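Below you'll find the structure, written out as structure tokens, and then a few comments.
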Amino acid sequence: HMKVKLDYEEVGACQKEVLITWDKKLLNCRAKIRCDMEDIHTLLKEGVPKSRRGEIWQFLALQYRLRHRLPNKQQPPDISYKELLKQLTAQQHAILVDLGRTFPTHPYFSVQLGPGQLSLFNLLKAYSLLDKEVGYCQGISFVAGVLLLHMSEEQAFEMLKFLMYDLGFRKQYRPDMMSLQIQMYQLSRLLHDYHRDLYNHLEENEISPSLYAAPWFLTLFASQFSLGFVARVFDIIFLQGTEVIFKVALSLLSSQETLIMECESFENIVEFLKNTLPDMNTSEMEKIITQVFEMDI
């Protein structure tokens, strides 16, 4: 279906040249070894075509998969996607009742219990079984959604596993919320060490990251921002890792940070960062994306 699938905004904004280069790389043999980082990094920087963005991500994954390897202990049990779906999931209710809410205005996922909602269910179902500890959490679907949107159901389950396990994302989604509390603090400390004034203004009005970033993290910005935007953030998620999140959050806060300031009450501030800050216009996104690219820590 791809066509209707990849039907969305853009941000990527590829120029033919870039489209060719990528085309070359992705075919210059596929099971090689660490093609030079700076190129894929720069390529990723100059632009990723939505038509191939599907392959690219998987590709990137491959590389990271050679340049790293998981310790067989934290490795995800060995079970076929197919044979993973042959069991019953404890999280039915919860999964179903969320199928409609994930990317609802999107063609693919619009139709009531249609093909889209269907696949998005299997993914969420299956993963619920495999990673039994995490099971199903409100959001992991946006992840699984965005993935489903750029590749076969089966392929998507593959990346999902990678993302969650390899690139270690399944962390935050664990039940004790212990890792989430720490990612939060880290974003807090991060603001402080770079955007003091902005940090102080938020610390004064007792605005803890948890009030405005949990969503960002848990849905990787999908639950609030443009898919096309979320699609870029994903390009670097497949490259750099469990942190592009911070870079984005950081970058984004200080992108329009010229504006919280004005607001004095949480009600005014909060309702701006959560309901206004995300309604950007390409021009402001084109930059924040790139700033995250060359944003260094």
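Every chain in the structure tokens takes a letter, A first, then B, and so on in the order presented; its residues are numbered from 1, and the ligands are numbered from 1 following the presented order.
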Would you mind listing what lies within 10 Å of range 7-12 of chain A as a ChimeraX atom specification, with only C-alpha atoms counted and same-chain residues fewer than 5 positions away left out? /A:2,44-50,53,106-108,149,226-232,235,281-283,285-287,289
Taking 4 positions as the minimum chain separation for residues in the same chain, which residues sit within 10 Å of residue 145 in chain A when counting only C-alpha atoms? Answer as a PyMOL selection string. chain A and resi 99+102-103+109+116-117+119-121+123-124+139-141+149-150+153+156+160+222
From A:218, A:202, A:191, A:144, residue lying nearest residue 252 in chain A [only C-alpha atoms]: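 Going through A:218, A:202, A:191, A:144 one by one, the smallest distance to residue 252 in chain A is for A:191.
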Taking 2 positions as the minimum chain separation for residues in the same chain, which residues sit within 12 Å of residue 240 in chain A when counting only C-alpha atoms? Answer as JSON, numbers by chain. {"A": [37, 38, 40, 41, 44, 57, 60, 61, 63, 64, 163, 167, 233, 234, 235, 236, 237, 238, 242, 243, 244, 245, 246, 247, 292, 293, 294, 295, 296]}
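Excluding range 181-185 of chain A itself and any same-chain residue fewer than 2 positions from it, the protein and nucleic acid residues within 8 Å of it, counting only C-alpha atoms, are residues 177, 178, 179, 187, 188, 189, 209, 210, 213 and 214 of chain A.
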So which residues touch residue 55 in chain A within 8 Å, counting only C-alpha atoms, skipping near sequence neighbours fewer than 3 positions away, as a PyMOL selection string? chain A and resi 26+52+58-59+151
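Here CA of residue 204 in chain A is placed at a distance of 12.4 Å from CA of residue 263 in chain A.
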